[PDB]
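Here the structure is laid out as structure tokens; the discussion comes afterwards.
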Amino acid sequence: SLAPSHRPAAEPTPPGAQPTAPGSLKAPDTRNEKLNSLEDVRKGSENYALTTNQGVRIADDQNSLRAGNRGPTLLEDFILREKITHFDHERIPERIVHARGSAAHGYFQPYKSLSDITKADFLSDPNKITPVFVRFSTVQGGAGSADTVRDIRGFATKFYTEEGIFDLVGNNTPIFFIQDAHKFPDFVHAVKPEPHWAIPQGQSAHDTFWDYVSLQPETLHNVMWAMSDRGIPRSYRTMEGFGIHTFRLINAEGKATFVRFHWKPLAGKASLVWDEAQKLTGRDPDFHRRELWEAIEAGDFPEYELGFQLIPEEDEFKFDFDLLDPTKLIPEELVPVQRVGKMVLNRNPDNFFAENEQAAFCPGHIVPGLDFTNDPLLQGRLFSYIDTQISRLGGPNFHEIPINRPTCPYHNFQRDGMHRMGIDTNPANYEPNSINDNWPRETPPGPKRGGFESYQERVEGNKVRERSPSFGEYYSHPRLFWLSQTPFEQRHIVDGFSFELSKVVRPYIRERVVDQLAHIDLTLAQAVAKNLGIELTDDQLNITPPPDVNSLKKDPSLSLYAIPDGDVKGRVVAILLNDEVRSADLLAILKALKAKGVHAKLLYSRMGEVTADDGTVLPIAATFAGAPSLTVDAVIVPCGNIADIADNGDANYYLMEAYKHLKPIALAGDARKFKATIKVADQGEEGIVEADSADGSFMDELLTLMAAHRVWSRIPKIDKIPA
Amino acid sequence: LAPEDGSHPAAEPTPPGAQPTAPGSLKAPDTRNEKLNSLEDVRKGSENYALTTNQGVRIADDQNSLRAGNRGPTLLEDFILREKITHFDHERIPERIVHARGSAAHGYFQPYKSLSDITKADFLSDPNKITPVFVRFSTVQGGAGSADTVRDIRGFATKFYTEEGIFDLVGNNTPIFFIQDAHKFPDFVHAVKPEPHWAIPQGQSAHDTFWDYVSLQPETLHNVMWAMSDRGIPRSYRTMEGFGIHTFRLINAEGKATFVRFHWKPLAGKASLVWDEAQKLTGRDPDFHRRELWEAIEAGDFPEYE
Amino acid sequence: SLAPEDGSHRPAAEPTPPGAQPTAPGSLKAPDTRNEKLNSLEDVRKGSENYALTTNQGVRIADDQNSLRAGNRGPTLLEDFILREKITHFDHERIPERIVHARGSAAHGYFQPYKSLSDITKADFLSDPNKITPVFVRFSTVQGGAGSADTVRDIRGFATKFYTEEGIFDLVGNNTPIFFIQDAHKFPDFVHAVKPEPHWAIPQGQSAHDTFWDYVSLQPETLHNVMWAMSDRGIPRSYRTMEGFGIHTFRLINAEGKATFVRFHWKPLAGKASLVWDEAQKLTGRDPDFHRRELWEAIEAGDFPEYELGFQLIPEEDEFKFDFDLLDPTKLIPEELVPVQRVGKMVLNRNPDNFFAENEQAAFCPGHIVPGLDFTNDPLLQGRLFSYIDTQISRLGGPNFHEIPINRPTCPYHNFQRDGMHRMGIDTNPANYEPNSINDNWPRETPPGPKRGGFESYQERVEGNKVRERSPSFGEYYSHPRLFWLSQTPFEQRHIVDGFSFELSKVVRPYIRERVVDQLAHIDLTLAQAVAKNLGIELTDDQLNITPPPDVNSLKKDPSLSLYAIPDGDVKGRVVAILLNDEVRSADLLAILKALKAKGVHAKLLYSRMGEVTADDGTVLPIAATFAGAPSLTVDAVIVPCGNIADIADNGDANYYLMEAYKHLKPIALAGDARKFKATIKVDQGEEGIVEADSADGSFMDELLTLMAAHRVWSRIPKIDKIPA
Amino acid sequence: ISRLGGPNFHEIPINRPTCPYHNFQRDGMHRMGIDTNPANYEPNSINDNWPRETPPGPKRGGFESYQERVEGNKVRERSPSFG
Ligand code: HEM
Ligand code: HEM
Ligand code: HEM
């Protein structure tokens with residue numbers, strides 16, 4: 001039964017280099033106080049006897065107890081029943097939303113004290129290090145759904161602070177679909193698989209979603225973000241995070257500052273294109289989950305900068321949108337994002353179910369120095385996140401699940417509940433009590449280590465179910481977003497709408513959405529209608545565009561690519577081998593990739609080994625079909641016996657796929673024969689790196705393109721290629 | 001809000017893509033059996049009803065929370081909002097430990113002739129005797145949100161509502177299983193399932209722990225052969241075979257026992273995908289088998305098994 | 001700043017007698033009392049002192065008196081996360097109670113054997129006299145809910161969790177040596193019958209209703225455990241003063257693979273004592289927590305409950321030697337034919353910190369055995385093994401109930417089991433399956449062996465057809481009820497007659513009553529006639545002519561089946577009520593207390609009011625309770641010293657206390673003028689069980705302590721019918 | 001939710017309304033009602049928005065809260081008129 005190696009090195013290694021491992025085995029020296037506090041419940045395996053859950057050693061784990069070798073199984077086999085019972089009861093309900101997610105451990109620290117605007121301990125001192133645990137997610141799909149769907153993305157961060165847990169539960173877009181939490185089930189029911197037949201998974205491309213959008217135009221701003229490349233990010237490390245709601249900062253004087261929370265990716269913003277993303281759901285449904293785990297094992301740590309948009313209290317009415325409306329964004333041109341701190345994810349969990357699946361985040365989990373607002377999406381969220389944990393995690397003691405426990409002290413009069421772990425020794429389970437001298441005791445609010453006290457906001461109104469008239473404007477933020485995109489991003493937004501509405505069965509629904517788009521931008525409205533064979537009426541062509549947002553004609557922070565921010569580190573290249581590789585070419589590629597921290601996968605028509613011309617032996621990471629171009633950032637072909645792969649269907653298709661997906665391609669020497677497969681002229685073109693050998697010049701070319709992420713000049717050429 | 005022309009489905013058989021898909025009782029009201037009729041008491045309508053709370057209270061405004069003024073904080077006393085969010089917060093139940101991904105439909109079974117000579121099972125007692133059935137088809141490894149056209153075994157579970165009790169014939173699309181003794185089911189299932197540290201990969205046996213177990217346990221090799229074949233990727237649930245796998249007994253009036261193995265034969269015959277096609281289809285439509293089953297029944301192309 | 005300045009809120013971490021101080025959780029009450037299970041639980045204990053009050057998330061609370069509201073007189077706000085967490089946790093405090101034995105009381109302890117038993121069993125916990133195993137014990141009733149009374153007429157549960165080096169062993173016993181039914185398949189039928197009736201959910205903690213006696217009448221296998229229940233066994237004085245039994249035959253397995261049949265016995269070192277029914281039924285009113293209280297206080301006092309573990313042992317070749325089937329759980333093995341040899345001592349020396357965390361969540365299953373023990377085909381026991389693991393999935397909310405701290409082994413546990421609700425363990429194992437190469441197949445199987453071996457079943461021969469059929473060897477029902485009956489003292493026999501009579505009187509349909517009586521004619525005619533006469537039923541001539549059942553392997557009687565035939569009394573941990581007056585004779589009270597302290601007997605000082613009285617000599621006496629506040633029901637004996645007797649002589653409650661104690665057969669001691677009370681209980685030369693003297697002479701204290709040693713004054717029974725109490 | 005094991009406790013018979021009850025709520029543990037509504041959300045056009053909001057009225061109207069004036073600051077504070 002035994003080992004041969006099976007075991008990965010406990011050192012950073014590149015994707016595919018070694019087998020993946022639990023984080024504590026892979027990187028045992030990677031520590032924070034949260035990671036150390038979990039040692040209590042880590043269970044080892046090596047050199048341990050196999051037992052029952054009651055600690056009884058098992059002699060034979062291959063057989064049921066039966067009356068004779070060929071007899072019936074006996075009721076008295078308690079070893080079998082315990083093992084089957086635990087297996088029969090493994091699953092718990094998945095999250096109603098964001099069921100699909102991937103998580104890792106990390107730490108956060110401030111650049112500088114923010115005591116000026118908040119008395120929150122974790123932002124108080126730039127040498128206090130706060131452990132974090134982060135789950136990224138899709139929204140619509142099940143836990144068993146694909147990563148690279150066209151969906152919103154969740155970005156939930158739990159801070160273990162010295163004065164409590166703070167959960168910042170954000171999405172990768174700065175707004176949300178709906179204004180009031182009362183409509184969350186109608187919206188989620190409409191985007192979810194349809195109730196009769198439970199189709200489709202991880203997709204908004206169905207009737208009930210576009211029906212709801214057509215009748216609820218408050219939706220159109222977050223729809224625009226979804227139909228754009230924001231909807232299909234290259235990686236969790238390459239997307240933005242937003243709190244979405246206005247929130248409050250409270251300082252020691254009781255001054256209230258409005259804030260919006262930002263996460264800025266230091267790896268920069270990168271998205272897929274739709275054909276690649278849709279297909280990547282087939283070839284690797286786990287592509288984001290995997291990219292993340294390997295990036296962290298490789299040492300390419302996900303890094304984010306915390307950003308505040310800050311508005312003083314007297315400025316609440318200064319925009320022509322309402323700050324508490326969560327379908328409106330605050331343009332960075334009006335209010336800039338101030339860098340606050342850095343977050344670094346430097347270690348994977350040990351057990352996915354134990355740590356990721358049971359992790360409970362709540363936007364209500366705030367600390368003194370923060371507070372809420374009357375944003376009515378957020379007001380409703382506060383109730384839900386606690387309510388849902390009672391069924392999902394089997395009771396009100398979900399905070400004693402180890403991933404969830406505070407690192408700081410927690411003492412109160414709360415008692416019992418299912419799976420109670422804490423044994424209280426306090427004579428009293430009530431306050432006020434004399435029998436324990438009233439311990440544990442209330443704490444008055446103060447600058448530091450004070451009890452939580454709400455900001456004393458003035459409330460004046462009647463009890464109403466009424467939407468604020470200040471919320472009833474729906475088109476100007478969709479148009480501000482549209483006008484802020486690069487033409488090629490605009491082309492991608494047109495295509496998202498075109499593709500999803502093309503899957504809508506009822507045409508009256510497709511025509512309705514085209515009418516809303518006319519209220520945003522007639523250029524966009526006419527590009528979508530032409531793709532659906534709809535024709536705008538005169539009334540539609542004469543619809544007046546929405547106002548500017550505070551005189552803004554465009555905001556470039558709203559585009560993924562308008563301002564370059566690309567960093568190549570942690571990206572991967574595909575190298576397509578032949579049976580006699582020119583070692584000179586491969587030597588130089590690997591040295592240039594390594595100096596910039598770019599990983600490579602060596603691929604052939606078969607697994608195992610090939611030999612280079614100087615007799616070096618190359619292990620093959622995957623075949624062409626086994627790891628298609630979908631999975632790499634660029635493609636390199638070195639020289640050798642090119643004839644070996646020149647007539648290979650899979651080798652040819654790999655370049656055609658990458659080319660269609662606008663990826664940089666590098667051909668060395670004879671590999672230029674390959675330019676025929678992708679119909680490139682001898683002179684070549686931008687996006688196709690070519691040379692007699694892979695020189696210093698050749699690798700600089702490849703790496704500069706990789707920094708720009710994709711080759712957008714290629715788009716006019718891609719419609720003709722079949723792939 | 002409906003279109004004036006009523007183009008928002010016809011209650012008659014229509015081909016795939018022709019009209020929007022609908023619940024079975026709306027699509028085909030004149031299709032009945034005894035089980036479907038017995039379910040009328042729990043069927044809820046919608047047309048002509050006031051929107052209410054679960055307590056039967058009529059809702060005036062379903063677009064808003066109750067708040068202290070227009071831009072006010074939401075109030076705890078809003079029982080209509082809390083009931084709605086609470087029910088939403090509690091929609092999910094645990095999925096099946098195995099065969100979480102599945103698609104089902106209502107049907108009927110009749111025996112060609114009486115089988116009294118070999119079993120006293122009432123549902124096999126007279127020719128043309130109608131027993132209602134409910135059938136669920138499934139993969140094995142994937143969750144409820146995973147793709148239909150994966151490489152896997154397929155489940156073929158039939159619920160027979162007989163005059164003398166429920167008989168569940170719980171079958172697979174191959175005639176053997178991976179393992180000999182039930183004691184090792186959790187070992188085998190943990191092996192083919194997504195790996196415990198990082199929960200990768202979904203709906204595939206193409207990872208180390210599945211083949212490490214197969215390599216150390218050669219009883220697995222017969223079902224592995226079926227799985228590595230085109231049997232592992234059926235073109236349709238309509239186009240695969242069904243098997244009970246175990247030997248059971250038939251018992252007759254006289255108390256005589258006959259060993260038996262169960263088969264389902266598809267009248268539409270055996271057809272499969274090819275791997276590159278099936279892997280891409282998990283991308284282009286992960287609901288392909290679910291959709292096809294549903295549209296085949298709306299079209300009148302009924303899954304028929306012997 | 002709320003505690004009193006004299007520090008009277010805090011109890012002393014010293015052994016103190018019942019009522020001396022507030023009761024505390026065990027780790028505060030007795031911090032120096034330790035064992036491996038209790039040391040292992042330190043990691044989950046929460047303190048309180050000098051802690052800020054927070055949310056479960058660690059956020060400090062400024063104001064725990066108020067909900068957040070839009071104004072002073074405003075509506076409450078959804079955004080109040082501190083309110084909702086607090087209420088939410090409160091709204092989800094309760095979990096399902098146990099289907100049976102929902103009412104229970106528990107304590108930590110340790111077990112030690114007298115000598116190595118490694119000749120007959122390879123169980124590590126019996127391997128050496130110096131091997132000390134932590135235990136947690138829960139005693140219970142059966143029928144009632146968690147909120148029902150302790151001193152009901154019912155069976156008591158005696159479940160013991162041994163945390164051994166080679167795994168948890170749960171010995172899940174009852175306080176009688178048999179059960180009501182032969183086959184597990186009928187457990188719900190029998191439990192449904194004794195339980196409250198399904199239409200109106202009546203009655204609680206009582207077998208005295210129609211559906212129970214209907215089931216008994218139609219299932220005579222029940223009659224042997226019913227006799228025990230209708231006896232004084234059904235209402236024990238304390239959990240410390242009852243026997244425990246395994247009930248099933250189990251197996252011992254030694255290193256050679258030799259199998260020895262065993263039946264388990266707990267023998268109480270404090271001896272066997274029981275209430276009488278009138279006292280027991282009344283005590284469910286005066287103190288429904290009486291057993292639970294008595295047990296916590298005995299332990300806080302140092303009066304540690306002690307039991308001796310006993311084995312009845314039968315060679316395998318001896319399986320068919322008796323007149324009854326060893327696998328039949330409605331038959332006992334008489335101590336005359338097979339003796340109990342002493343195996344070890346169990347001592348319960350610490351109370352729990354939190355009743356819900358440790359008692360309510362504790363899970364026992366008789367299927368929890370270790371290498372060196374094994375099952376038999378006892379068809380009641382075969383059925384129990386399925387049920388105890390099935391029930392925990394709902395009751396403890398998932399398959400991870402073993403990770404709840406009380407339930408955790410002290411010994412190591414490693415397997416390929418993963419996930420489930422409230423999963424605590426974070427597995428680092430690359431493999432969640434075996435066989436695996438990726439972790440070198442760890443953790444690994446262990447072959448069976450003399451020490452630290454893997455568990456392997458005894459290779460018992462099985463031959464026969466798949467049948468649902470009761471063994472004809474089980475089909476005898478009357479001879480063990482008869483053996484039990486003839487083994488009882490005549491005063492125990494009347495108590496049995498009165499139990500049947502009282503319970504059947506409650507049965508609304510008379511034919512049910514007549515059928516139970518007809519069953520009794522089959523056990524013994526004397527018992528059968530005494531019941532019929534209390535029910536105004538007349539036995540027919542057929543009934544008068546029923547031939548008695550065989551005796552059991554030639555035994556006319558076994559006296560180990562009687563609570564009292566062979567005395568085993570120990571007065572340590574008993575309680576006397578002392579009835580004060582406003583000018584107590586100091587000399588009497590001084591002598592009384594020093595005599596009780598010397599024998600470890602506790603006292604409570606009672607008056608017509610609370611606070612303090614002054615003795616004749618100026619001594620200040622504090623008052624524990626009023627006569628109504630702590631009635632005679634709650635004590636073993638009553639002592640009235642001399643003084644200003646006139647003060648209490650015409651007190652209604654003071655006279656009733658003497659009459660209640662007297663009717664219930666308790667020892668009563670009167671000094672000096674206190675003798676004038678002899679008139680209320682119609683006693684002058686005096687009688688057995690009334691100790692009287694000019695003063696509390698010390699001979700007087702010797703006479704009283706001797707009576708207490710015999711527990712009750714049985715000679716008194718003929719006199720108590722006259723007394724209206 | 002914990003005591004009767006999910007959000008469908010209104011479908012336990014003794015708990016059931018005798019009046020009609022229709023909404024967009026779906027699923028939950030032990031769901032008894034099989035909904036035939038093509039829509040599980042509103043506003044919808046696919047079912048013509050059934051079931052529908054009812055305006056408040058003297059008889060058979062929708063529930064609307066009494067429009068009580070709220071004036072105060074957010075406080076955890078006990079009315080001195082209570083003391
Ligand atoms: C501002 C818009 C929203 C954002 C950014 C947001 C963010 C998130 C995120 C990131 C998660 C996944 C957390 C995790 O990984 O465990 C989540 C889950 C959830 N959200 Fe939201 N959410 C939003 C709106 C809402 C609304 C309006 C509701 C209304 C009730 C809601 C209820 C929930 C629930 C019930 C879960 C599942 C909780 C669990 O099982 O732990 N969300 N949300
Ligand atoms: C020949 C071997 C087997 C076959 C053909 C088989 C077949 C099936 C099928 C078709 C289902 C899906 C039922 C549905 O549609 O809901 C299923 C579910 C399941 N099977 Fe198996 N199975 C086999 C072996 C096992 C074994 C050995 C175990 C456990 C020891 C097991 C445990 C389960 C469980 C727990 C489920 C989930 C069912 C539920 O939640 O209701 N199966 N099986
Ligand atoms: C001689 C026969 C039996 C004895 C001596 C016995 C003993 C006990 C005891 C002492 C307890 C309480 C354990 C505790 O304090 O937590 C108990 C509980 C229980 N017994 Fe039995 N029992 C017997 C027969 C049965 C049978 C036949 C069944 C079912 C097949 C059964 C099912 C249960 C269940 C479900 C509980 C509650 C389980 C739990 O929540 O832990 N018992 N039994």
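Order determines the names: the first chain of the structure tokens is A, the second B, and so forth; residues in each chain are numbered 1 upward, and ligands are numbered 1 upward as they are shown.
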
Can you check which parts of chain A lie within 9 Å of ligand 2? Per residue, the shortest pair of atoms and distance in Å to one decimal, counting only C-alpha atoms and all ligand atoms, sorted by chain and number, as CSV.
```
residue,atom,partner,partner_atom_place_in_ligand_line,distance
A:84,CA,ligand 2,30 (C),6.1
A:87,CA,ligand 2,35 (C),7.6
A:88,CA,ligand 2,35 (C),5.2
A:89,CA,ligand 2,35 (C),8.4
```

### Message
Set the cut-off to 10 Å and count only C-alpha atoms: what are the residues of chain B that reach chain C? Output as a count of residues only.
### Response
33

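Nearest to chain C of all the residues A:354, A:10, A:676, A:552 is A:354, counting only C-alpha atoms.
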
### Task
All residues within 6 Å of ligand 3 are required, counting only C-alpha atoms and all ligand atoms; please report them as a PyMOL selection string.
chain C and resi 98-101+138-140+157-159+172-174+179+184+187+247+363-364+380+383-384+387-388+391-392

Can you check which parts of chain A lie within 6 Å of chain D? Per residue, the shortest pair of atoms and distance in Å to one decimal, counting only C-alpha atoms, sorted by chain and number, as CSV.
```
residue,atom,partner,partner_atom,distance
A:186,CA,D:41,CA,4.2
A:189,CA,D:41,CA,5.8
A:456,CA,D:74,CA,4.7
A:457,CA,D:73,CA,5.1
A:458,CA,D:73,CA,4.2
A:459,CA,D:72,CA,5.4
A:460,CA,D:71,CA,4.5
A:461,CA,D:70,CA,5.2
A:462,CA,D:69,CA,4.1
A:463,CA,D:67,CA,4.8
```

### Message
What residues of the protein or nucleic acid chains come within 6 Å of ligand 1 when you use only C-alpha atoms and all ligand atoms? Reply as a VMD selection string.
### Response
(chain A and resid 95 to 98 135 154 to 156 169 to 171 176 181 184 244 360 to 361 377 380 to 381 384 to 385 388 to 389) or (chain B and resid 85 89)

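Closest approach to chain D among B:268, B:51, B:10, B:130 is made by B:51 (distances from only C-alpha atoms).
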
### Message
With DSSP run on the backbone, what are the strand (DSSP E) residues within segment 452-650 of chain C? I'd like them as a PyMOL selection string.
### Response
chain C and resi 575-579+602-607+612-614+620-622+625-626+637-640

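For the residues A:104, A:464, A:483, A:635, ranking by smallest atom-to-atom distance to chain B using only C-alpha atoms places A:464 first.
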
### Message
For a quick check of understanding, using only C-alpha atoms, which of A:582, A:449, A:503, A:491 has the smallest distance to residue 671 of chain A?
### Response
A:582

### Query
Using only C-alpha atoms, which chain B residues lie at most 10 Å away from chain D, written as a VMD selection string?
chain B and resid 1 to 3 6 to 9 20 to 26 39 to 63 66 to 69 72 to 73 77 to 78 80 83 to 94

Once you have the residues from the selection above, write them out as a short mmCIF file (atom, residue, chain, number, x, y, z; two decimals), in the first residue's frame, restricted to C-alpha atoms.
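Okay, this is what ended up in selection.cif:
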```
data_model
loop_
_atom_site.label_atom_id
_atom_site.label_comp_id
_atom_site.auth_asym_id
_atom_site.auth_seq_id
_atom_site.Cartn_x
_atom_site.Cartn_y
_atom_site.Cartn_z
CA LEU B 1 -47.09 43.49 -17.41
CA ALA B 2 -47.68 40.47 -19.77
CA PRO B 3 -47.54 41.06 -23.57
CA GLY B 6 -50.11 36.36 -24.81
CA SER B 7 -46.71 35.24 -26.19
CA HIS B 8 -45.45 35.05 -22.54
CA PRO B 9 -46.42 28.46 -23.62
CA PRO B 20 -40.77 28.63 -23.24
CA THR B 21 -40.56 25.55 -20.93
CA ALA B 22 -43.17 25.31 -18.15
CA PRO B 23 -44.12 23.24 -15.10
CA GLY B 24 -45.53 19.83 -16.07
CA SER B 25 -49.12 20.44 -14.86
CA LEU B 26 -49.28 23.69 -16.95
CA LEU B 39 -50.42 15.44 -5.52
CA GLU B 40 -53.26 17.94 -6.41
CA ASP B 41 -53.91 18.60 -2.67
CA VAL B 42 -50.40 20.16 -2.29
CA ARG B 43 -50.27 21.95 -5.71
CA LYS B 44 -50.31 25.76 -5.35
CA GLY B 45 -51.75 28.03 -8.10
CA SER B 46 -50.83 31.73 -8.62
CA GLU B 47 -53.26 33.45 -11.09
CA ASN B 48 -56.10 35.40 -9.32
CA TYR B 49 -54.43 35.26 -5.88
CA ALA B 50 -53.43 38.16 -3.67
CA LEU B 51 -49.75 38.12 -2.69
CA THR B 52 -49.75 37.34 1.05
CA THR B 53 -47.52 36.47 3.98
CA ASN B 54 -47.34 32.77 4.96
CA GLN B 55 -50.01 33.72 7.59
CA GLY B 56 -52.44 34.72 4.78
CA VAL B 57 -52.04 38.51 5.28
CA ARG B 58 -52.34 40.57 2.09
CA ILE B 59 -49.26 42.64 1.22
CA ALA B 60 -49.85 46.24 0.03
CA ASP B 61 -46.27 47.12 -1.01
CA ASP B 62 -43.69 44.42 -1.89
CA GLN B 63 -41.00 46.87 -3.14
CA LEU B 66 -40.77 49.77 6.59
CA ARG B 67 -38.46 52.64 7.67
CA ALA B 68 -38.58 55.73 9.92
CA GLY B 69 -39.07 58.16 7.06
CA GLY B 72 -34.82 56.29 7.46
CA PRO B 73 -33.37 53.21 9.23
CA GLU B 77 -41.38 45.65 13.59
CA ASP B 78 -41.46 44.94 9.80
CA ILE B 80 -43.53 41.23 6.27
CA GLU B 83 -40.74 36.60 7.05
CA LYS B 84 -39.67 37.03 3.39
CA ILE B 85 -35.87 37.26 4.07
CA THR B 86 -36.08 34.48 6.73
CA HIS B 87 -37.70 32.04 4.27
CA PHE B 88 -35.10 33.07 1.67
CA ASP B 89 -32.26 32.67 4.26
CA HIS B 90 -33.48 29.08 4.78
CA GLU B 91 -34.10 27.80 1.20
CA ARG B 92 -31.17 25.33 1.08
CA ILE B 93 -31.01 21.84 2.56
CA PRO B 94 -27.94 19.57 2.30
#
```

### Query
Any idea what's packed within 9 Å of segment 509-520 of chain A, counting only C-alpha atoms, ignoring anything in its chain fewer than 2 positions away? Could you give it as a PyMOL selection string?
(chain A and resi 207+210-211+213-215+217+220+474-480+482+501-502+504-507+522-526+528-529+532+534+536+540-541+543-546) or (chain B and resi 8) or (chain D and resi 45)

### Message
Can you tell me which residues surround residue 480 of chain C at a distance of at most 10 Å, considering only C-alpha atoms, apart from same-chain residues fewer than 5 positions away, and format the answer as a PyMOL selection string?
### Response
chain C and resi 223-225+227+324+330-334+485-486+523+549-552

Prev. selection, N, CA and C atoms, output as an mmCIF file, in the first residue's frame:
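Produced file out-v1.cif, reproduced below:
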```
data_model
loop_
_atom_site.group_PDB
_atom_site.id
_atom_site.type_symbol
_atom_site.label_atom_id
_atom_site.label_comp_id
_atom_site.auth_asym_id
_atom_site.auth_seq_id
_atom_site.Cartn_x
_atom_site.Cartn_y
_atom_site.Cartn_z
ATOM 1 N N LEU C 223 -43.570 -8.810 33.082
ATOM 2 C CA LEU C 223 -43.987 -8.936 34.492
ATOM 3 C C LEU C 223 -42.768 -8.971 35.404
ATOM 4 N N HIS C 224 -41.638 -9.541 34.993
ATOM 5 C CA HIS C 224 -40.453 -9.588 35.888
ATOM 6 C C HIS C 224 -39.892 -8.180 36.137
ATOM 7 N N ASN C 225 -39.678 -7.345 35.121
ATOM 8 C CA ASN C 225 -39.184 -5.971 35.402
ATOM 9 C C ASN C 225 -40.275 -5.132 36.086
ATOM 10 N N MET C 227 -42.398 -6.179 38.517
ATOM 11 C CA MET C 227 -42.282 -6.499 39.968
ATOM 12 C C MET C 227 -41.212 -5.608 40.590
ATOM 13 N N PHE C 324 -32.926 -21.025 32.431
ATOM 14 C CA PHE C 324 -33.298 -19.862 31.598
ATOM 15 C C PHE C 324 -32.182 -19.602 30.600
ATOM 16 N N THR C 330 -34.979 -10.737 30.104
ATOM 17 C CA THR C 330 -36.039 -10.640 31.135
ATOM 18 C C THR C 330 -35.711 -11.608 32.261
ATOM 19 N N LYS C 331 -34.576 -12.280 32.186
ATOM 20 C CA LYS C 331 -34.180 -13.202 33.267
ATOM 21 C C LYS C 331 -32.932 -12.653 33.936
ATOM 22 N N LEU C 332 -32.846 -12.793 35.248
ATOM 23 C CA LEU C 332 -31.600 -12.475 35.979
ATOM 24 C C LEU C 332 -30.835 -13.760 36.261
ATOM 25 N N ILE C 333 -29.552 -13.606 36.531
ATOM 26 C CA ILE C 333 -28.710 -14.733 37.008
ATOM 27 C C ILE C 333 -28.657 -14.649 38.523
ATOM 28 N N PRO C 334 -29.263 -15.591 39.282
ATOM 29 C CA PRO C 334 -29.267 -15.433 40.729
ATOM 30 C C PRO C 334 -27.853 -15.495 41.301
ATOM 31 N N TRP C 485 -40.128 -12.218 44.133
ATOM 32 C CA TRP C 485 -41.185 -12.038 45.161
ATOM 33 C C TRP C 485 -40.834 -12.785 46.452
ATOM 34 N N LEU C 486 -40.382 -14.034 46.362
ATOM 35 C CA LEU C 486 -40.165 -14.875 47.569
ATOM 36 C C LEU C 486 -38.881 -14.423 48.260
ATOM 37 N N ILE C 523 -48.098 -15.909 39.034
ATOM 38 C CA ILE C 523 -46.775 -15.749 39.702
ATOM 39 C C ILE C 523 -46.855 -16.257 41.136
ATOM 40 N N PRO C 549 -45.393 -21.526 39.074
ATOM 41 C CA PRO C 549 -44.253 -21.723 38.180
ATOM 42 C C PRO C 549 -43.090 -22.484 38.809
ATOM 43 N N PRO C 550 -42.196 -23.099 38.003
ATOM 44 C CA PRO C 550 -41.062 -23.817 38.561
ATOM 45 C C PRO C 550 -40.249 -22.846 39.400
ATOM 46 N N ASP C 551 -39.488 -23.328 40.364
ATOM 47 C CA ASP C 551 -38.454 -22.432 40.923
ATOM 48 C C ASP C 551 -37.291 -22.425 39.934
ATOM 49 N N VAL C 552 -36.336 -21.558 40.181
ATOM 50 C CA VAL C 552 -35.230 -21.331 39.224
ATOM 51 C C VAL C 552 -34.074 -22.185 39.689
#
```
